[PDB]
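Scroll down for the structure; my scribbles are underneath it.
A quick note on method: Cβ atoms are made from the backbone with ideal geometry, for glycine too, and the neighbour counts reach across all protein chains shown. Since every read-out is calculated from the coordinates, none of them should be taken as a lab result.
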Amino acid sequence: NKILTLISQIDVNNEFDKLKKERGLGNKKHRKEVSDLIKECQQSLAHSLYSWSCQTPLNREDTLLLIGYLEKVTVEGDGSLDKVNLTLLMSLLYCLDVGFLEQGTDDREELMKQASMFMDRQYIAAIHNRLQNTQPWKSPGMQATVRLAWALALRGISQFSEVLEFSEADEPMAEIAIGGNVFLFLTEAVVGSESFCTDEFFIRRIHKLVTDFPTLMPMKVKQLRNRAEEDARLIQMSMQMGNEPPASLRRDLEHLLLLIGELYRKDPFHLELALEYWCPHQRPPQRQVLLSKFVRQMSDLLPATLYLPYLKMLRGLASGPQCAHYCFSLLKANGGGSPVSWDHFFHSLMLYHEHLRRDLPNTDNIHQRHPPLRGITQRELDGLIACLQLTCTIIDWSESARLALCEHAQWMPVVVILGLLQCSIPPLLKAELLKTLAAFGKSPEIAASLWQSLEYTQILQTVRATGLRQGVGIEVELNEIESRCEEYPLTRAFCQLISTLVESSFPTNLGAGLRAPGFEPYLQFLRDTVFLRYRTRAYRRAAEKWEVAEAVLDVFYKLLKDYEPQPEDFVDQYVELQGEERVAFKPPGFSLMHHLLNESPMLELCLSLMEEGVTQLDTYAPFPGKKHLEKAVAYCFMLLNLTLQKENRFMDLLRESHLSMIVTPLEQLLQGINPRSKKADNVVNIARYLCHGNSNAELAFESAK
Amino acid sequence: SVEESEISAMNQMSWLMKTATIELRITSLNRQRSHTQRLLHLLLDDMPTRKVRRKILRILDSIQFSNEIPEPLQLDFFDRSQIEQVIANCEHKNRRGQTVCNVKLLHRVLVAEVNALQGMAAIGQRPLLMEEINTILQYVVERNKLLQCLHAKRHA
Amino acid sequence: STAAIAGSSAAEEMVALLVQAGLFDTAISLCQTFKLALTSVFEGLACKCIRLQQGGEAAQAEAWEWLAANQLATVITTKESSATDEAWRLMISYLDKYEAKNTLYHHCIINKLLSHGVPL
Amino acid sequence: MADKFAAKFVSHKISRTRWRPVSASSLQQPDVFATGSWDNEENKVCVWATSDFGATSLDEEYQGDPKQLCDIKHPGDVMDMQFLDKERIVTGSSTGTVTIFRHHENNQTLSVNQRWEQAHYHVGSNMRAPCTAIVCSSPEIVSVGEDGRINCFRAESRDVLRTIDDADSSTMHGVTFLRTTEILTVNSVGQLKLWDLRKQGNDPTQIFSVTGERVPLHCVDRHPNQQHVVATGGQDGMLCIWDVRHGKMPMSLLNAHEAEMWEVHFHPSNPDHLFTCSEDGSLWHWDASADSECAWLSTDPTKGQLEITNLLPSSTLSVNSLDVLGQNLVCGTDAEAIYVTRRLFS
């Protein structure tokens, strides 16, 4: 009573109506500190109940109080239980949690005597009556979910002793729960919380709740599966004759497949829990066999409507390396025709590649019309994307799968993918293709061959051909297509690719005969384009603006950090290209560094980015992109730091090499007054980052340094 | 009693020394008797009040002017006298005037010695050489630690 | 690990993973049985020779493991040479011996070579 | 603010001014510009420097008058001028000729590199009828004229690659690239016209116009980063902002000048700044950055206070051209004067 009441009421009310009104909390700092202390207090109190529930089971009156509170709950309209509410919820989950009854420990009788929700017929009746009420909670989903858990419990209690009257009530309860599409609320509202990412015991409990359903009542589960598949097929086919699908459709299986995909998608604990999806210690536990049968049974005669949810399910199930390998192989062999096979994936890509190339217009032909470009339908597009994402996830976690897929003689994935990239499709598909390439590139030699292939394919136009000039590549797509759409997926993916490739080598001689060596062009491109933009180019999504900046600066940073110079660098040569001597291409970083020791905008821009970072951080407001900014600014400061050392060095060498290049000390650059500011606020700002030492310590350290 | 870094404990003590020294000097040059009184009184009265060795003598007792010496290096494939010469050589003078290879010479010097020892045919004997270089490393490390501890004690 | 993945392998995933980690004999054998003409072994060995000639210390320490996993039919006759010369000698050997009527040969080699820098 | 510019007096009307393009990799500020003269049987193209080749002091107030480096006499009256690259200057002539000049920096000379003496002409009569505007995208050149024609050239081709005959029954005054194969033109009847070079048809792809307004368009510029945002100026002194994807009407109509607006330019590297000059003798700097410390497409009068500054002294002479590069601005006038500042934002 006291506990909950206190915590909740106090905190919320007080803050919202006195402190959010009067703002005694004053400084953008004081307000935050007070806000944090209040939020901490709420969280510590919620945790206290949670920690208790994890130990002590709850008495009849205390449990009813907890249920009474949860009946009124708003998951924030934002669609995420805030760090506090999520915790209250998992606490209730543990209260109810009956998972300790399934662990074969010689202490079962003692533990049964200690669990308050064990010896009181009135406990089960009271909870059951409350959850059966069509007074749902403030959140019908709440009534639906707890109901279902109590129902799985009822289902087991038959085995323990002879408690099997309430077994009947489980099917209707499960139906009500499914009708409340609990599968949707758990997916959007619970895991929606990024704080769910934190508690290992949240994941375990929900894992037990999800694994207990197919283990304790699979008969019902199967009934429902088959029912759904069939109904779907029927109505769909009926409409296909000429009608539109009935508005009364409900794809809980798809929601179920997405739920499985989202639940294992990312685990903070990283305990490789997904292992439950794989059956090779244990002589295969019966549970593992049944689940594996579930995964295989769902792949047999897959309706077109379940194709996407199934892939998403597989995608979620291939986390945790062991799991990677196992599901990998499983599916590979299952395809050994099921719409989900390597033959279907690569044949489909090949067909699209052949179809899209034939629609090409001959230069000799004047006015050419396609038999109407079969712009890959949106559904087909979503399907291809889902397939590539699944491929990317599998190859990211399994090195064996990555090598096996790349060396396959019939699929030739790298050739096909690079071929498709030379075709035309809406930017999202291109982005996914690049991600898939990035996943293939986490393996060293493939990278060497890939650099050569990229130079030949002139995805990025290295040397202008037939007066190509502007566009004719990613540069035209960026300026004409992405800039109009005010979204930049292609640019980001390209930066990611470059970043990954630079990690495996700043490679070397990238193309004789064509240009004249050097990683020079890519650099120019990157730099110019993206920085300019980073400043001015519309962004439908305000967060995208900072993502583009982050991606480019990441590359700059790696090029300057990777560079080391030994006397040959300041010696420079002029290569004869098409009858004109051109200074060749010094390393990435000779160039990077020359540009930092003078006030080329880079610096300015770097200094401006730092100023912007501190101004935004001083607002303490929760804007989106705050983290990204942190990372970027960190990158910036690190750049700066290395710079001084290597600075002494180069200056020195520079003085020895008699190069007419004038460089200025980094400290002198720091001293210089900003032109827009018209004062020496350069230093001032840096500092200000020390004020955020609690909030951002990394930045703090770098600053002090 | 920073046994951890007898070095640290020693440095602590040193700085404290210089400090309290100039302190008392000037306080007395002035005339502040009570101050000076309490100070020296305490510092010297090993006599038990309300044989308790005087604190100045206790401080001297805590400084051991005798230190242990490293097990002689043993080489199966390798000359000892040569390794001692190499240890003597690459032990460059630290800022305190101690001859120490420090991470520098150690790491790079050890890699150079391994490169010099060519063992082509008998690949089979490799694990041995590996274990052996490890001990050499341990020893040079101990020696350097010791030299450092020593300059510290000197200044203390 | 790949122990488990060998539990469902294939006639060329194997060849590749193994040409991967040194073992330049076991694989010339797996190939000559399942007759599948092997230029990936010679290109990969040429890549290891190039990386060694431009390799760091750590690369020299790791190289003794894959060099020992072969003999080198017969070793030596005089002045020593820090690997380097080691893999180039396994060359002359795994070439002149295992050689073919057509071109698993000069061409594939000259190519990976001008490909990554080399006065031949 | 009048003390920021040194004014040089020369006996030559100034119509066009352009900065020499700097390499994006250069930390060097723009230092060289070109000018075209008009109002004469024979006019000249001049090249100018703002810095003395040799002052290494970072701390001396720029009181430097711009120095003429070289000139060349051009037949007819100069109309428009652009740099194609660092060595090549393109001109449109009142004779309807398009000319490429080559600048030989080592010898400080100009030479005729190529010419199209029949770029612009009236169909049928064959009388001279002026090349009014040009746009360059190396190696491609587009010209427009009083004959209503659009010509496409390539710098290395002696022949005209494409002519769109009778593209406009009215004089075209301005042309810009929308995309690599698409251009926009403006004409004496208040129309903005979009067009694709690749398309065989001479008809425009789209036509935009103010409803109930006949007013002719004198200038057009494209936002550097946002290929759909366009500014235009008219005989009424109005600044019009367009989104060429949204409707056929301007997004904004802004009262800018009292008389005809001759030029509008976005700042090439800091496009939150825009510059305009008029027959009323004024030269305005527009700053859209003032709320941050596309802003031009803000329809919210409460978000984006434009700061507006007249840069010239009151009742100033006709300002026929401006160009802006980094901290530097140059402009040319009918007062036989070139104005230069090197500290625009100081």
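Among D:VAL135, D:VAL160, D:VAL175, which is of a type in the set (A, V, I, L, M) and within 14 Å of another protein chain (Cβ to nearest Cβ)?
Working: D:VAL160 fails: within 14 Å of another protein chain (Cβ to nearest Cβ); D:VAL175 fails: within 14 Å of another protein chain (Cβ to nearest Cβ).
Result of the check over D:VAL135, D:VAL160, D:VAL175: D:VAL135.
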Completion exercise
In segment D:282-307, residues that are surrounded by 15 or more Cβ atoms within 10 Å (Cβ to Cβ), outside any strand (DSSP E or B) and in contact with a strand residue (DSSP E or B) (Cβ under 7 Å, 6 or more places away or on another chain) total 5
Handout entry: Which numbered condition A:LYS266 fails, given (1) closer than 22 Å to A:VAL191 by Cβ; (2) crowded, with 19+ Cβ neighbours inside 10 Å
Key = (2)
Practice task
Answer with yes or no whether A:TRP397 is in contact with a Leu (Cβ under 8 Å, 6 or more places away or on another chain) and either basic (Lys, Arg) or within 14 Å of another protein chain (Cβ to nearest Cβ) (or both).
Solution key: no
Exercise for the section: Output the residues belonging to segment D:308-341 that are buried (at least 22 other Cβ atoms within 10 Å of the Cβ) and not in a strand (DSSP E or B). Expected result: D:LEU311
Handout entry: A:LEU497 within 14 Å of chain D (Cβ to nearest Cβ), in a helix (DSSP H, G or I) and crowded, with 18+ Cβ neighbours inside 10 Å
Key = no
Handout entry: Residue check, B:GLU91 surrounded by 15 or more Cβ atoms within 10 Å (Cβ to Cβ), more than 14 Å from every other protein chain (Cβ to nearest Cβ) and closer than 30 Å to C:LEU67 by Cβ
Key = no
Practice task
Just need a number here: residues in segment B:55-85 that are loosely packed, with under 12 Cβ neighbours inside 10 Å and of a type in the set (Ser, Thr, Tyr).
Solution key: 2
Practice task
Using the structure shown, decide if D:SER15 is more than 18 Å from D:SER321 (Cβ to Cβ), away from every other protein chain (no Cβ under 14 Å) and surrounded by 15 or more Cβ atoms within 10 Å (Cβ to Cβ).
Solution key: no
Fill in the blank from the handout: The residue from D:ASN187, D:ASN255 that alone is of a type in the set (S, T, N, Q) and either surrounded by 16 or more Cβ atoms within 10 Å (Cβ to Cβ) or at positive phi (or both) is D:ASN187
Completion exercise
Filtering segment C:63-97 down to residues that are part of a loop (DSSP other than H, G, I, E, B), surrounded by 15 or more Cβ atoms within 10 Å (Cβ to Cβ) and at negative phi yields C:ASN70
Problem - strands (runs of 3 or more DSSP E) contained in segment D:2-113 and holding at least 1 residues within 17 Å of D:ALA133 (Cα to Cα) - result: D:14-19, D:32-37, D:42-49, D:67-75, D:78-83, D:88-93, D:98-104
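Looking at A:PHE637, A:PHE650, A:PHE585, A:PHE590, which is the one that is outside any loop (DSSP other than H, G, I, E, B), within 14 Å of chain D (Cβ to nearest Cβ) and not acidic (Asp, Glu)?
A:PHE590
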Exercise for the section: Scan segment D:138-151 for residues that are in a strand (DSSP E or B) and within 13 Å of chain A (Cβ to nearest Cβ) and jot them down. Expected result: D:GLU140, D:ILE141
Problem - The lone exception for A:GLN368 - which of (1) farther than 30 Å from C:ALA10 by Cα; (2) within 14 Å of chain C (Cβ to nearest Cβ) it fails - result: (2)
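Take the residues in segment A:17-55 that are of a type in the set (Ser, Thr, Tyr) and within 22 Å of A:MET90 (Cα to Cα), then tell me which one is surrounded by the fewest Cβ atoms within 10 Å (Cβ to Cβ).
The qualifying residue surrounded by the fewest Cβ atoms within 10 Å (Cβ to Cβ) is A:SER44.
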Practice task
Test each condition in (1) away from every other protein chain (no Cβ under 14 Å); (2) surrounded by fewer than 19 Cβ atoms within 10 Å (Cβ to Cβ); (3) of a type in the set (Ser, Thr, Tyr); (4) assigned to a helix (DSSP H, G or I) for A:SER424 and report the one that comes out false.
Solution key: (4)
Handout entry: Residue under evaluation B:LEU117, criteria (1) closer than 30 Å to B:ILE7 by Cα; (2) within 14 Å of chain C (Cβ to nearest Cβ), criterion not met
Key = (1)
Problem - Positions within segment C:109-120 being surrounded by 15 or more Cβ atoms within 10 Å (Cβ to Cβ) and either more than 14 Å from chain A (Cβ to nearest Cβ) or outside any helix (DSSP H, G or I) (or both), in sequence order - result: C:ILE109
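State all residues of segment C:7-38 that are among the charged types (D, E, K, R), within 14 Å of chain A (Cβ to nearest Cβ) and not in a helix (DSSP H, G or I); if no residue qualifies, say none. Step through it out loud before you land on a result.
Pass one, segment C:7-38, residues among the charged types (D, E, K, R): C:12-13, C:25, C:35.
Add one more test, that the residue is within 14 Å of chain A (Cβ to nearest Cβ), and what stays is C:12-13.
The answer is C:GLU12, and nothing else.
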Practice task
For A:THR491, indicate whether it is under 26 Å from the mean Cα position of the chain (by Cα), farther than 27 Å from D:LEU297 by Cβ and in a helix (DSSP H, G or I).
Solution key: no
Handout entry: Close pairs (7 angstrom Cβ cut-off, 6 or more residues apart or separate chains): assigned to a helix (DSSP H, G or I) in segment A:1-18, aromatic (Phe, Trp, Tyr) anywhere
Key = A:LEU4/A:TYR69
